file work-v9.pdb (PDB, C-alpha atoms (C1' of nucleotides))
ATOM      1  CA  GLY J   1     -34.566 -15.931 -23.506
ATOM      2  CA  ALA J   2     -35.439 -13.169 -25.960
ATOM      3  CA  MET J   3     -33.856 -12.395 -29.324
ATOM      4  CA  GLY J   4     -32.997  -8.717 -29.150
ATOM      5  CA  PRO J   5     -31.810  -7.188 -32.473
ATOM      6  CA  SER J   6     -28.021  -6.937 -32.116
ATOM      7  CA  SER J   7     -28.658  -6.928 -28.363
ATOM      8  CA  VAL J   8     -26.442  -9.929 -27.670
ATOM      9  CA  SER J   9     -23.525  -9.485 -25.285
ATOM     10  CA  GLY J  10     -21.215 -11.276 -22.882
ATOM     11  CA  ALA J  11     -17.470 -10.624 -23.051
ATOM     12  CA  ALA J  12     -15.939 -12.823 -20.360
ATOM     13  CA  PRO J  13     -12.126 -12.449 -20.524
ATOM     14  CA  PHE J  14     -11.542 -13.267 -16.854
ATOM     15  CA  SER J  15      -9.368 -16.361 -16.987
ATOM     16  CA  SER J  16      -6.145 -17.566 -15.314
ATOM     17  CA  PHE J  17      -5.788 -18.363 -11.618
ATOM     18  CA  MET J  18      -3.436 -15.733 -10.241
ATOM     19  CA  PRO J  19      -2.967 -16.253  -6.462
ATOM     20  CA  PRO J  20      -3.266 -12.777  -4.896
ATOM     21  CA  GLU J  21      -1.709 -13.805  -1.582
ATOM     22  CA  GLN J  22       1.029 -11.225  -1.990
ATOM     23  CA  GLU J  23       1.133  -8.236   0.322
ATOM     24  CA  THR J  24      -0.571  -5.293  -1.313
ATOM     25  CA  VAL J  25      -0.546  -1.866   0.339
ATOM     26  CA  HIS J  26      -1.126   1.722  -0.797
ATOM     27  CA  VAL J  27       1.820   4.121  -0.516
ATOM     28  CA  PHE J  28       0.693   7.718  -0.017
ATOM     29  CA  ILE J  29       2.429  10.202  -2.330
ATOM     30  CA  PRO J  30       0.792  13.578  -3.168
ATOM     31  CA  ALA J  31       0.192  14.540  -6.800
ATOM     32  CA  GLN J  32       3.126  16.947  -6.503
ATOM     33  CA  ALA J  33       5.601  14.056  -6.449
ATOM     34  CA  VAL J  34       3.808  10.963  -7.768
ATOM     35  CA  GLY J  35       4.398  12.086 -11.329
ATOM     36  CA  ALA J  36       8.160  12.039 -11.291
ATOM     37  CA  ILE J  37       8.096   8.973  -9.045
ATOM     38  CA  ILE J  38       7.010   6.917 -12.074
ATOM     39  CA  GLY J  39       9.823   8.295 -14.215
ATOM     40  CA  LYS J  40      10.500   8.540 -17.966
ATOM     41  CA  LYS J  41       7.654   6.987 -19.983
ATOM     42  CA  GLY J  42       6.992   4.750 -16.989
ATOM     43  CA  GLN J  43       9.825   2.502 -18.111
ATOM     44  CA  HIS J  44      12.139   2.304 -15.087
ATOM     45  CA  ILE J  45       9.131   2.071 -12.760
ATOM     46  CA  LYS J  46       8.282  -1.193 -14.531
ATOM     47  CA  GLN J  47      11.985  -2.003 -14.571
ATOM     48  CA  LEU J  48      11.659  -1.650 -10.815
ATOM     49  CA  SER J  49       9.012  -4.354 -10.891
ATOM     50  CA  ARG J  50      11.598  -6.569 -12.571
ATOM     51  CA  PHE J  51      14.628  -6.050 -10.306
ATOM     52  CA  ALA J  52      12.399  -6.118  -7.231
ATOM     53  CA  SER J  53      10.359  -9.060  -8.554
ATOM     54  CA  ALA J  54       7.176  -7.357  -7.356
ATOM     55  CA  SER J  55       4.093  -5.713  -8.828
ATOM     56  CA  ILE J  56       4.652  -1.964  -8.825
ATOM     57  CA  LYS J  57       1.499  -0.078  -9.780
ATOM     58  CA  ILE J  58       0.283   3.490  -9.338
ATOM     59  CA  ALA J  59      -3.260   3.601  -7.995
ATOM     60  CA  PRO J  60      -5.644   6.078  -9.652
ATOM     61  CA  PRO J  61      -7.333   8.468  -7.144
ATOM     62  CA  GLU J  62      -9.486   6.194  -4.992
ATOM     63  CA  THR J  63     -11.437   9.280  -3.970
ATOM     64  CA  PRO J  64     -12.131  12.284  -6.273
ATOM     65  CA  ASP J  65     -11.066  14.546  -3.407
ATOM     66  CA  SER J  66      -7.583  13.070  -3.129
ATOM     67  CA  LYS J  67      -4.497  15.252  -3.506
ATOM     68  CA  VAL J  68      -2.459  12.094  -3.594
ATOM     69  CA  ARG J  69      -1.897   8.927  -5.577
ATOM     70  CA  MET J  70      -1.100   5.711  -3.792
ATOM     71  CA  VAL J  71       1.491   3.239  -4.978
ATOM     72  CA  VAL J  72       0.016  -0.227  -5.084
ATOM     73  CA  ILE J  73       2.880  -2.425  -4.067
ATOM     74  CA  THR J  74       2.167  -6.110  -4.473
ATOM     75  CA  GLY J  75       5.230  -8.040  -3.432
ATOM     76  CA  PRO J  76       7.063 -10.099  -0.825
ATOM     77  CA  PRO J  77       8.641  -8.020   2.008
ATOM     78  CA  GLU J  78      12.050  -8.694   0.437
ATOM     79  CA  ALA J  79      10.974  -6.725  -2.621
ATOM     80  CA  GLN J  80       8.963  -4.178  -0.647
ATOM     81  CA  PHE J  81      12.186  -3.206   1.111
ATOM     82  CA  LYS J  82      13.756  -1.992  -2.139
ATOM     83  CA  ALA J  83      10.533  -0.637  -3.601
ATOM     84  CA  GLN J  84       9.494   1.465  -0.612
ATOM     85  CA  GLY J  85      13.088   2.226   0.288
ATOM     86  CA  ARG J  86      13.526   3.870  -3.096
ATOM     87  CA  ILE J  87      10.022   5.364  -3.015
ATOM     88  CA  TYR J  88      10.930   7.228   0.186
ATOM     89  CA  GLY J  89      14.139   8.134  -1.616
ATOM     90  CA  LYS J  90      11.966   9.805  -4.236
ATOM     91  CA  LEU J  91      10.646  11.963  -1.406
ATOM     92  CA  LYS J  92      14.294  12.864  -0.716
ATOM     93  CA  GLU J  93      14.738  13.531  -4.437
ATOM     94  CA  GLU J  94      12.635  16.707  -4.326
ATOM     95  CA  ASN J  95      12.719  17.141  -0.528
ATOM     96  CA  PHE J  96       8.944  17.643  -0.217
ATOM     97  CA  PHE J  97       8.639  16.287   3.331
ATOM     98  CA  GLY J  98      11.510  18.482   4.460
ATOM     99  CA  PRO J  99      15.033  19.403   3.237
ATOM    100  CA  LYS J 100      16.861  18.643   6.493
ATOM    101  CA  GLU J 101      14.126  16.363   7.827
ATOM    102  CA  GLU J 102      14.603  12.625   7.792
ATOM    103  CA  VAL J 103      12.121  10.880   5.533
ATOM    104  CA  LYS J 104       8.597  11.256   6.767
ATOM    105  CA  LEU J 105       6.304   9.564   4.279
ATOM    106  CA  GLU J 106       2.842   8.237   4.979
ATOM    107  CA  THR J 107       1.962   4.703   3.978
ATOM    108  CA  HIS J 108      -1.656   3.528   4.006
ATOM    109  CA  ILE J 109      -2.379  -0.124   4.636
ATOM    110  CA  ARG J 110      -5.758  -1.750   4.149
ATOM    111  CA  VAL J 111      -6.985  -3.799   7.069
ATOM    112  CA  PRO J 112     -10.414  -5.372   7.706
ATOM    113  CA  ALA J 113     -12.798  -2.846   9.245
ATOM    114  CA  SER J 114     -12.940  -4.640  12.624
ATOM    115  CA  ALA J 115      -9.257  -5.618  12.472
ATOM    116  CA  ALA J 116      -8.293  -1.949  12.689
ATOM    117  CA  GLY J 117     -10.254  -1.847  15.911
ATOM    118  CA  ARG J 118      -8.430  -4.918  17.164
ATOM    119  CA  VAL J 119      -4.965  -3.623  16.214
ATOM    120  CA  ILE J 120      -5.726  -1.205  19.019
ATOM    121  CA  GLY J 121      -5.792  -4.381  21.052
ATOM    122  CA  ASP J 122      -8.370  -6.530  22.801
ATOM    123  CA  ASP J 123      -7.547  -4.393  25.833
ATOM    124  CA  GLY J 124      -6.666  -1.282  23.868
ATOM    125  CA  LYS J 125      -3.056  -1.486  25.056
ATOM    126  CA  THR J 126      -1.797  -3.137  21.879
ATOM    127  CA  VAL J 127      -1.953  -0.066  19.608
ATOM    128  CA  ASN J 128       0.286   1.839  22.018
ATOM    129  CA  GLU J 129       2.840  -0.952  22.179
ATOM    130  CA  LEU J 130       2.564  -1.447  18.421
ATOM    131  CA  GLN J 131       4.065   2.024  18.016
ATOM    132  CA  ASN J 132       6.774   0.977  20.479
ATOM    133  CA  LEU J 133       7.670  -2.072  18.362
ATOM    134  CA  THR J 134       7.091  -0.679  14.868
ATOM    135  CA  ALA J 135       9.038   2.514  15.655
ATOM    136  CA  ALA J 136       6.476   4.243  13.457
ATOM    137  CA  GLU J 137       3.468   6.450  14.044
ATOM    138  CA  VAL J 138       0.395   4.262  13.840
ATOM    139  CA  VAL J 139      -2.845   6.214  13.830
ATOM    140  CA  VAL J 140      -6.005   4.122  13.763
ATOM    141  CA  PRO J 141      -9.173   6.056  12.830
ATOM    142  CA  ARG J 142     -12.697   5.297  14.033
ATOM    143  CA  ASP J 143     -13.999   6.197  10.585
ATOM    144  CA  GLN J 144     -11.673   6.198   7.549
ATOM    145  CA  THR J 145     -14.021   4.266   5.276
ATOM    146  CA  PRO J 146     -17.520   2.796   5.836
ATOM    147  CA  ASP J 147     -17.738  -0.911   6.676
ATOM    148  CA  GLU J 148     -19.608  -1.218   3.381
ATOM    149  CA  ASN J 149     -16.137  -2.085   2.102
ATOM    150  CA  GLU J 150     -15.617  -4.123   5.319
ATOM    151  CA  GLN J 151     -12.166  -2.564   5.246
ATOM    152  CA  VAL J 152     -10.431   0.539   6.550
ATOM    153  CA  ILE J 153      -6.958   2.071   6.615
ATOM    154  CA  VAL J 154      -4.389   2.761   9.271
ATOM    155  CA  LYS J 155      -1.846   5.453   8.498
ATOM    156  CA  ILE J 156       1.837   4.891   9.172
ATOM    157  CA  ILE J 157       4.038   7.976   9.484
ATOM    158  CA  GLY J 158       7.809   7.881   9.909
ATOM    159  CA  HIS J 159      10.907   6.369   8.323
ATOM    160  CA  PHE J 160      10.714   3.626   5.690
ATOM    161  CA  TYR J 161      12.392   1.122   8.045
ATOM    162  CA  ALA J 162       9.659   1.789  10.573
ATOM    163  CA  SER J 163       6.842   1.884   8.034
ATOM    164  CA  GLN J 164       7.909  -1.392   6.406
ATOM    165  CA  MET J 165       8.087  -3.104   9.796
ATOM    166  CA  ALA J 166       4.776  -1.587  10.903
ATOM    167  CA  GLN J 167       2.963  -2.542   7.698
ATOM    168  CA  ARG J 168       3.939  -6.190   7.835
ATOM    169  CA  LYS J 169       3.111  -6.476  11.551
ATOM    170  CA  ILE J 170      -0.356  -5.012  11.278
ATOM    171  CA  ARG J 171      -0.958  -6.952   8.054
ATOM    172  CA  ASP J 172       0.233 -10.010   9.979
ATOM    173  CA  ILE J 173      -2.250  -9.755  12.832
ATOM    174  CA  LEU J 174      -5.049  -9.456  10.247
ATOM    175  CA  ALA J 175      -4.637 -13.144   9.414
ATOM    176  CA  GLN J 176      -4.595 -14.071  13.099
ATOM    177  CA  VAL J 177      -7.644 -11.888  13.749
ATOM    178  CA  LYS J 178      -9.622 -13.594  10.980
ATOM    179  CA  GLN J 179      -8.825 -16.918  12.687
ATOM    180  CA  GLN J 180     -11.840 -16.071  14.887
ATOM    181  CA  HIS J 181     -13.817 -17.985  12.225
ATOM    182  CA  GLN J 182     -12.642 -21.170  13.943
ATOM    183  CA  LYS J 183     -14.282 -20.178  17.240
ATOM    184  CA  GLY J 184     -13.095 -22.698  19.788
ATOM    185  CA  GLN J 185     -10.226 -22.330  22.216
ATOM    186  CA  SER J 186      -8.952 -25.902  22.093
ATOM    187  CA  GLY J 187      -5.811 -24.609  23.767
ATOM    188  CA  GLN J 188      -4.378 -21.954  26.065
ATOM    189  CA  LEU J 189      -2.752 -18.586  25.415
ATOM    190  CA  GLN J 190      -0.481 -16.394  27.536
ATOM    191  CA  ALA J 191      -2.875 -13.436  27.609
TER     192      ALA J 191
ATOM    193  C1'   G H   1      14.477  17.310 -18.363
ATOM    194  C1'   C H   2      10.161  16.961 -14.368
ATOM    195  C1'   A H   3       3.986  12.124 -15.145
ATOM    196  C1'   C H   4       1.164   8.294 -16.919
ATOM    197  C1'   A H   5       2.598   3.674 -17.440
ATOM    198  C1'   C H   6       1.081  -0.333 -14.479
ATOM    199  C1'   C H   7      -2.807  -6.144 -17.482
ATOM    200  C1'   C H   8      -5.551  -8.416 -22.936
TER     201        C H   8
END

call {"tool": "encode", "arguments": {"input": "work-v9.pdb", "output": "structure tokens"}}
result
Amino acid sequence: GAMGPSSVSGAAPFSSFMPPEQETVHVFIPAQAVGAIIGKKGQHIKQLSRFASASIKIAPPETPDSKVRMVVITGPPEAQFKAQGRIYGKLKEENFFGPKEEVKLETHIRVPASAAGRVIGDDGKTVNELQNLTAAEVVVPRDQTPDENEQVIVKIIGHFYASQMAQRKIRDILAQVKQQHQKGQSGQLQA
RNA sequence: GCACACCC
């Protein structure tokens, strides 16, 4: 080594084994609403984390050009139901999406870069039928974010019921897509 | 009166 005058450092406070196998997605709410979504000193938003039993966080602008702040929901689908159900209700609170309109709030879910291409389907038919099952608007971009992050986003537009069902289904195929690592069809499939 | 927090 080399003894540098007061040039000694380290600081390694990264302990504990917290299993991050909870579903974590980014809920798209523009800066015009995100503020009041947190609510009063940010107390009841953390209270929400308690009664939902999930990790409710507000993501700082992932891009400096964002007019929106995404809610980082880390929780089981049981909790996500309340969390996102009430988050869409916060849209209703100020009626940003539309006064008479039913809730139309975008949710952004992070999928592996190639997995977004495969949610379209191995034949390309799957993305169309996904919309038919999810009851939501699933738009899969060819760009979104460079594969430098090996991960992109699909945008879900519609009602929270639809969004919640869409999110979990696309997030669900991700695991099955990654199963390609096995590489070896030691069995059949009806496809 | 509406926002800020979310970990050590």

call {"tool": "atom_distance", "arguments": {"input": "work-v9.pdb", "atom1": "atom CA of residue 122 of chain J", "atom2": "atom CA of residue 140 of chain J"}}
result
14.2 Å

call {"tool": "interface_residues", "arguments": {"input": "work-v9.pdb", "of": "chain H", "to": "chain J", "cutoff": "7 Å", "atoms": "only C-alpha atoms (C1' of nucleotides)", "output": "VMD selection string"}}
result
chain H and resid 2 to 6

call {"tool": "atom_distance", "arguments": {"input": "work-v9.pdb", "atom1": "atom CA of residue 79 of chain J", "atom2": "atom CA of residue 155 of chain J"}}
result
20.9 Å

call {"tool": "atom_distance", "arguments": {"input": "work-v9.pdb", "atom1": "atom CA of residue 89 of chain J", "atom2": "atom CA of residue 171 of chain J"}}
result
23.4 Å

call {"tool": "residues_around", "arguments": {"input": "work-v9.pdb", "residues": "residue 143 of chain J", "least_positions_apart": "4", "cutoff": "12 Å", "atoms": "all atoms listed in the file", "output": "compact mmCIF listing (two decimals) with C-alpha atoms, in the coordinates of the input"}}
result
# COMPACT_ATOMS: atom_id res chain seq x y z
CA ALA J 113 -12.80 -2.85 9.24
CA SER J 114 -12.94 -4.64 12.62
CA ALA J 116 -8.29 -1.95 12.69
CA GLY J 117 -10.25 -1.85 15.91
CA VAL J 139 -2.84 6.21 13.83
CA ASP J 147 -17.74 -0.91 6.68
CA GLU J 148 -19.61 -1.22 3.38
CA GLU J 150 -15.62 -4.12 5.32
CA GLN J 151 -12.17 -2.56 5.25
CA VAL J 152 -10.43 0.54 6.55
CA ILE J 153 -6.96 2.07 6.62
CA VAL J 154 -4.39 2.76 9.27

call {"tool": "residues_around", "arguments": {"input": "work-v9.pdb", "residues": "residue 84 of chain J", "least_positions_apart": "5", "cutoff": "12 Å", "atoms": "all atoms listed in the file", "output": "ChimeraX atom specification"}}
result
/J:25-29,37,48-49,52,54,56,70-79,89-91,103,105-107,159-165,167

call {"tool": "write_last_selection", "arguments": {"input": "work-v9.pdb", "atoms": "C-alpha atoms", "output": "PDB file, keeping the file's coordinate frame"}}
result
ATOM      1  CA  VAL J  25      -0.546  -1.866   0.339  1.00  0.00           C
ATOM      2  CA  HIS J  26      -1.126   1.722  -0.797  1.00  0.00           C
ATOM      3  CA  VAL J  27       1.820   4.121  -0.516  1.00  0.00           C
ATOM      4  CA  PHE J  28       0.693   7.718  -0.017  1.00  0.00           C
ATOM      5  CA  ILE J  29       2.429  10.202  -2.330  1.00  0.00           C
ATOM      6  CA  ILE J  37       8.096   8.973  -9.045  1.00  0.00           C
ATOM      7  CA  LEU J  48      11.659  -1.650 -10.815  1.00  0.00           C
ATOM      8  CA  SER J  49       9.012  -4.354 -10.891  1.00  0.00           C
ATOM      9  CA  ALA J  52      12.399  -6.118  -7.231  1.00  0.00           C
ATOM     10  CA  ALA J  54       7.176  -7.357  -7.356  1.00  0.00           C
ATOM     11  CA  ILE J  56       4.652  -1.964  -8.825  1.00  0.00           C
ATOM     12  CA  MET J  70      -1.100   5.711  -3.792  1.00  0.00           C
ATOM     13  CA  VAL J  71       1.491   3.239  -4.978  1.00  0.00           C
ATOM     14  CA  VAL J  72       0.016  -0.227  -5.084  1.00  0.00           C
ATOM     15  CA  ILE J  73       2.880  -2.425  -4.067  1.00  0.00           C
ATOM     16  CA  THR J  74       2.167  -6.110  -4.473  1.00  0.00           C
ATOM     17  CA  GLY J  75       5.230  -8.040  -3.432  1.00  0.00           C
ATOM     18  CA  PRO J  76       7.063 -10.099  -0.825  1.00  0.00           C
ATOM     19  CA  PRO J  77       8.641  -8.020   2.008  1.00  0.00           C
ATOM     20  CA  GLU J  78      12.050  -8.694   0.437  1.00  0.00           C
ATOM     21  CA  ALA J  79      10.974  -6.725  -2.621  1.00  0.00           C
ATOM     22  CA  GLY J  89      14.139   8.134  -1.616  1.00  0.00           C
ATOM     23  CA  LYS J  90      11.966   9.805  -4.236  1.00  0.00           C
ATOM     24  CA  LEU J  91      10.646  11.963  -1.406  1.00  0.00           C
ATOM     25  CA  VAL J 103      12.121  10.880   5.533  1.00  0.00           C
ATOM     26  CA  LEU J 105       6.304   9.564   4.279  1.00  0.00           C
ATOM     27  CA  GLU J 106       2.842   8.237   4.979  1.00  0.00           C
ATOM     28  CA  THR J 107       1.962   4.703   3.978  1.00  0.00           C
ATOM     29  CA  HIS J 159      10.907   6.369   8.323  1.00  0.00           C
ATOM     30  CA  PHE J 160      10.714   3.626   5.690  1.00  0.00           C
ATOM     31  CA  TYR J 161      12.392   1.122   8.045  1.00  0.00           C
ATOM     32  CA  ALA J 162       9.659   1.789  10.573  1.00  0.00           C
ATOM     33  CA  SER J 163       6.842   1.884   8.034  1.00  0.00           C
ATOM     34  CA  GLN J 164       7.909  -1.392   6.406  1.00  0.00           C
ATOM     35  CA  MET J 165       8.087  -3.104   9.796  1.00  0.00           C
ATOM     36  CA  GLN J 167       2.963  -2.542   7.698  1.00  0.00           C
TER      37      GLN J 167
END

call {"tool": "closest_residue", "arguments": {"input": "work-v9.pdb", "among": "J:61, J:5, J:111, J:93", "to": "residue 177 of chain J", "atoms": "only C-alpha atoms"}}
result
J:111

call {"tool": "residues_around", "arguments": {"input": "work-v9.pdb", "residues": "segment 178-188 of chain J", "least_positions_apart": "2", "cutoff": "10 Å", "atoms": "all atoms listed in the file", "output": "PyMOL selection string"}}
result
chain J and resi 112+114-115+173-176+190-191

call {"tool": "closest_residue", "arguments": {"input": "work-v9.pdb", "among": "J:4, J:15, J:69, J:86", "to": "residue 8 of chain H", "atoms": "all atoms listed in the file"}}
result
J:15
